[PDB]
Amino acid sequence: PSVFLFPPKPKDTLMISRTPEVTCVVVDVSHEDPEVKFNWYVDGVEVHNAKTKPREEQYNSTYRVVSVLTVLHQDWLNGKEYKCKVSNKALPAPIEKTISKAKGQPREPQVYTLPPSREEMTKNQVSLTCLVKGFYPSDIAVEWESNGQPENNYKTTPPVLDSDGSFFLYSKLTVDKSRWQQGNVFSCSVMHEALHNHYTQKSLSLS
Amino acid sequence: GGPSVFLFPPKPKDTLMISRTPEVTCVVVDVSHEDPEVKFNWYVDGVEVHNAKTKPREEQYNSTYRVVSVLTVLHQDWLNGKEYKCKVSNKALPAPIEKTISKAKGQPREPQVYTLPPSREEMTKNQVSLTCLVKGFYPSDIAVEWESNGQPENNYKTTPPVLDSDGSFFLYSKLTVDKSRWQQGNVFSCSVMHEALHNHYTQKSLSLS
Ligand SMILES: *[C@@H]1O[C@H](CO[C@@H]2O[C@@H](C)[C@@H](O)[C@@H](O)[C@@H]2O)[C@@H](O[C@@H]2O[C@H](CO)[C@@H](O[C@@H]3O[C@H](CO[C@H]4O[C@H](CO)[C@@H](O)[C@H](O)[C@@H]4O[C@@H]4O[C@H](CO)[C@@H](O[C@@H]5O[C@H](CO[C@]6(C(=O)O)C[C@H](O)[C@@H](NC(C)=O)[C@H]([C@H](O)[C@H](O)CO)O6)[C@H](O)[C@H](O)[C@H]5O)[C@H](O)[C@H]4NC(C)=O)[C@@H](O)[C@H](O[C@H]4O[C@H](CO)[C@@H](O)[C@H](O)[C@@H]4O[C@@H]4O[C@H](CO)[C@@H](O)[C@H](O)[C@H]4NC(C)=O)[C@@H]3O)[C@H](O)[C@H]2NC(C)=O)[C@H](O)[C@H]1NC(C)=O
Ligand SMILES: *[C@@H]1O[C@H](CO[C@@H]2O[C@@H](C)[C@@H](O)[C@@H](O)[C@@H]2O)[C@@H](O[C@@H]2O[C@H](CO)[C@@H](O[C@@H]3O[C@H](CO[C@H]4O[C@H](CO)[C@@H](O)[C@H](O)[C@@H]4O[C@@H]4O[C@H](CO)[C@@H](O[C@@H]5O[C@H](CO)[C@H](O)[C@H](O)[C@H]5O)[C@H](O)[C@H]4NC(C)=O)[C@@H](O)[C@H](O[C@H]4O[C@H](CO)[C@@H](O)[C@H](O)[C@@H]4O[C@@H]4O[C@H](CO)[C@@H](O[C@@H]5O[C@H](CO)[C@H](O)[C@H](O)[C@H]5O)[C@H](O)[C@H]4NC(C)=O)[C@@H]3O)[C@H](O)[C@H]2NC(C)=O)[C@H](O)[C@H]1NC(C)=O
Ligand SMILES: [Cl-]
Ligand SMILES: [Cl-]
């Protein structure tokens with residue numbers, strides 16, 4: 001059997017009202033040795049409050065069993081290490097995977113808005129650009145708003161590693177030219193552990 | 001419990017630069033001790049070719065063999081959509097396994113390239129960012145660089161292609177320069193190589209004011 005261990009979603013870690021979870025997944029579990037025992041550790045100390053999910057096997061030969069551990073906000077953000085230890089009779093010894101937040105001094109993103117280029121103005125639809133740079137770790141969420149409303153015609157690049165070891169990305173919002181024209185305000189919001197209140201916002205409007 | 005085959009395309013830049021060597025790579029994993037022998041046959045639009053470079057078997061740390069065969073593809077053949085087939089034979093298989101690969105099938109689309117200058121807020125910094133937006137392209141194979149004067153500017157990073165809502169791709173490239181240099185009206189240029197551009201190449205420029 002094989003073990004994979006997944007982190008929580010960026011927003012879940014940053015918002016006190018949401019529930020950050022770590023997920024331990026076991027695949028390739030045999031019918032002859034189907035029994036699968038999970039032990040979880042938080043910086044080496046065993047915890048007993050994981051919620052094991054029912055096994056679901058479509059469609060190939062084995063089965064994957066997933067155990068979900070809720071993590072404390074402060075613990076994840078302080079870099080504690082979550083260990084999933086999986087025991088099964090088909091293994092030589094128990095398998096152990098360990099996950100945490102990336103290690104090192106957090107760095108605050110700088111956020112800049114850029115308007116469409118002149119050449120793009122000749123088009124029917126235009127692109128509003130949000131540059132987010134200098135952040136560490138790479139865990140981040142970006143969204144767009146207009147008129148106190150979520151704008152959803154955006155796509156965001158994955159984080160890219162910069163030369164100093166920090167990260168950058170860009171988010172592009174697509175809007176009708178005529179709408180950009182007439183001076184509506186559009187906003188780029190960023191959630192990241194190093195921002196004050198884990199949140200900042202920048203705005204962009206026709207000049 | 002048998003061997004598995006994976007077939008990889010060439011790197012985007014290799015397909016676009018005449019001076020580089022585009023290769024297709026056929027990889028076989030989970031080859032046992034009891035049936036260690038793997039045989040490769042390669043086909044280019046169904047016609048067998050005999051000039052792949054096959055490597056010796058290598059024992060992996062998990063106690064199976066990995067065996068790889070590399071076929072060089074002609075630039076024009078890959079770009080014209082020829083289909084490369086790797087057929088793998090091994091005694092532990094019921095029948096030979098076949099994988100086929102070619103360039104992506106959709107309607108090609110020419111990238112639109114736009115340059116964007118630093119934001120005002122960034123101007124207060126020591127170093128500023130020049131941004132190149134490349135969008136609307138298909139397929140995703142592309143290469144981007146920066147120049148100032150004739151010469152290659154090398155303080156840039158580029159995002160991978162991202163899938164847009166219309167099924168085409170976009171990316172951004174960021175060039176980092178000293179504020180004082182941007183100031184004084186130097187020209188910087190963003191160049192893009194893509195199969196759908198005329199001469200597979202276009203260039204845009206950016207300057208202060
Ligand atoms: C048998 O079979 C099996 C199964 O299979 C399947 O099926 C089949 C039939 C077919 O189809 C196939 O295809 C499939 O697959 C199999 O299995 C397999 O296995 C394999 C191997 O063996 C593996 O692999 C691995 O993977 C990984 C990844 O993955 C991912 O992704 C994918 C996609 O594709 C998927 O699928 C998966 O699953 C995953 O996913 C994930 O998951 C997770 C967990 O859970 C998560 O997390 C989480 O999340 C959550 C969420 O939540 C929610 C949401 O969403 O929101 C909530 C809510 O409430 C709800 N909603 C509603 C509305 O309701 C939701 C719900 O629930 C639903 O969803 C809806 O529907 O939910 C939360 O948030 C939490 O908190 C968290 O935690 C996530 O999200 C996901 N994602 C996605 C995208 O999806 C990977 O990773 C890997 O890789 C790695 O490793 C490797 C080796 O191993 C290498 O090579 C690579 O490279 C990597 O590495 C790495 O790297 C890194 C860096 O980068 C580092 O760090 C590390 O360390 C490394 N490592 C090492 C070196 O080692 C691989 O690839 C897989 O997975 C599997 N699959 C599955 C599916 O499972 C088997 O195999 C068979 N057998 C045989 C063949 O023999
Ligand atoms: C044992 O071992 C072995 C080995 O391993 C090793 O060692 C060990 C001991 C350890 O240590 C580890 O860690 C190491 O590694 C193993 O093996 C393995 O196996 C596996 C299986 O199981 C596999 O997997 C696969 O993978 C893939 C990917 O791969 C890649 O990546 C990775 C990371 O991620 C890496 O690792 C690898 O290596 C690879 O890489 C690559 O490579 C290549 C070659 O080399 C390259 O290329 C090249 O390059 C050069 C330079 O250098 C030149 O340039 C040339 O030109 C070229 O060619 C590249 O670059 C690289 N990359 C990177 C680095 O990045 C993946 O993909 C896969 O996946 C798939 O499949 C699966 C199944 O199985 C699934 O599940 C998934 O999902 C997928 O699926 C797919 O999907 C897709 C999409 O998404 C699709 O497609 C589609 O289609 C449609 C139609 O239908 C349309 O067309 C569309 O459009 C499209 O898109 C498809 O369909 C699908 N498919 C299928 C389903 O099939 C997989 O995952 C791996 O790979 C391996 N490894 C190796 C190394 O080999 C074994 O396993 C063991 N065993 C035991 C028992 O344990
Ligand atoms: Cl908490
Ligand atoms: Cl050639």
Side-chain angles (χ1 to χ4, degrees), chain A residues 7-21 73-74 76-77 101-102 106-117 120 125-162 166-177 179-207, chain B residues 114 116-125 128-129 131 133 135 157 159-160 162-165 170-172 174:
Chain A
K9 297 289 150 281
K11 269 172 83 156
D12 290 338
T13 69
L14 298 176
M15 294 166 80
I16 206 169
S17 58
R18 313 182 48 125
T19 301
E21 298 167 338
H73 283 97
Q74 328 83 263
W76 182 260
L77 296 171
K101 190 195 70 143
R107 281 110 84 186
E108 196 176 44
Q110 303 299 107
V111 181
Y112 309 109
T113 52
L114 317 173
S117 90
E120 198 181 32
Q125 279 157 281
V126 290
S127 302
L128 308 182
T129 292
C130 194
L131 168 56
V132 186
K133 59 169 291 201
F135 59 94
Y136 189 88
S138 57
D139 294 291
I140 193 160
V142 180
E143 294 171 24
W144 292 83
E145 297 84 44
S146 197
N147 284 99
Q149 272 301 102
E151 258 293 295
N152 285 297
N153 207 14
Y154 69 88
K155 302 285 189 181
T156 305
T157 75
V160 176
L161 189 58
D162 231 323
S166 66
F167 289 91
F168 77 93
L169 61 72
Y170 285 86
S171 196
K172 178 163 68 60
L173 175 58
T174 306
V175 295
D176 309 80
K177 174 178 74 200
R179 191 180 168 187
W180 167 246
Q181 287 165 336
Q182 91 201 22
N184 285 149
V185 169
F186 298 91
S187 286
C188 178
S189 49
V190 176
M191 300 199 83
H192 188 269
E193 79 180 67
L195 295 165
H196 185 237
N197 299 317
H198 297 170
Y199 173 103
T200 193
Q201 198 190 47
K202 301 291 165 184
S203 287
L204 188 59
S205 217
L206 183 55
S207 306
Chain B
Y114 310 110
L116 317 173
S119 90
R120 190 182 297 189
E121 279 88 339
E122 198 177 32
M123 289 310 318
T124 76
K125 253 100 278 277
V128 290
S129 301
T131 293
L133 168 55
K135 59 170 291 201
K157 302 284 190 181
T159 75
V162 176
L163 187 58
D164 227 324
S165 19
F170 77 93
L171 61 72
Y172 285 86
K174 179 162 68 60

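Reminder, nothing fancy here: chain letters follow the sequence lines and each chain counts from 1.
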Just how far is it from atom OH of B:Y114 to atom OG of A:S127, taken to the nearest 0.5 Å?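 Rounded to the nearest 0.5 Å, the OH-OG separation comes to 7.0 Å.
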When rounded to the nearest 0.5 angstrom, what is the spacing between CG in A:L161 and OG in A:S166?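 So the gap between those two atoms works out to 8.0 Å.
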Residues forming a side-chain contact (heavy atoms from CB on, under 4.5 Å) with [X], sequence neighbours excluded:
X      : value
A:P150 : A:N152
A:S146 : A:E151, A:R179, A:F186
A:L206 : A:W180, A:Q181
A:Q149 : none

If only side-chain N and O atoms count, and only distance matters, is there a donor-acceptor pair under 3.5 Å linking B:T131 with A:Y170?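 There is such a pair between these side chains.
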Where is the tightest heavy-atom contact between [X] and [Y], given as atom of each residue plus distance?
X      : Y      : result
A:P137 : A:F167 : C-CD1, 4.4 Å
A:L114 : B:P118 : CD2-C, 4.4 Å
B:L171 : B:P160 : CB-O, 3.9 Å

Going by salt bridge (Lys or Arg N to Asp or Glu O under 4.0 Å), name the pairs with one or both residues in residues 195-207 of chain A, residues two or more places apart or in two chains.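 The answer is none; no pair qualifies.
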I need the full list of salt bridge (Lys or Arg N to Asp or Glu O under 4.0 Å) pairs touching residues 127-146 of chain A, with sequence neighbours left out, sorted by first then second residue.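 The answer is A:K11-A:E143.
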What residue among A:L128, A:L173, A:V185 forms side-chain contact (heavy atoms from CB on, under 4.5 Å) with A:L204?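 By the side-chain contact (heavy atoms from CB on, under 4.5 Å) criterion, A:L204 pairs with just one of A:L128, A:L173, A:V185: A:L128.
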Mind checking what makes side chain to side chain donor-acceptor pair (under 3.5 Å) contact with [X], not counting sequence neighbours?
X      : value
A:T113 : none
A:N153 : none
A:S138 : none

Measure the shortest side-chain to side-chain distance between A:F168 and B:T159 over non-hydrogen atoms and say whether it is less than 4.5 angstrom.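 Yes, side chains in contact.
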Quick one: does A:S205's side chain have a donor or acceptor within less than 3.5 Å of a partner on A:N184's backbone?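 Checking the backbone N and O of A:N184 against the side chain of A:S205, a donor-acceptor pair under 3.5 Å is found.
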Examine distances only and state if a side-chain atom of A:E193 and a backbone atom of A:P106 form a donor-acceptor pair shorter than 3.5 Å.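 Answer holds: no.
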Among all residues two or more places apart in sequence or in another chain, which pass the ring-ring contact (aromatic ring centres under 6.0 Å, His included) test with A:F135?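 Partners of A:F135 under the ring-ring contact (aromatic ring centres under 6.0 Å, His included) test: A:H192.
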List in chain and number order the residues that pass salt bridge (charged side-chain N to carboxylate O under 4.0 Å, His left out) with A:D162, two or more places apart in sequence or in another chain; answer none if no residue qualifies.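 Only B:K174 meet the salt bridge (charged side-chain N to carboxylate O under 4.0 Å, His left out) criterion with A:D162.
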In residues 13-21 of chain A, what donor-acceptor pairs under 3.5 Å come from side-chain atoms, sequence neighbours left out?
from, atom 1, to, atom 2, distance (Å)
A:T13, OG1, A:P10, O, 2.6
A:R18, NE, A:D12, OD1, 2.6
A:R18, NH2, A:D12, OD1, 2.9

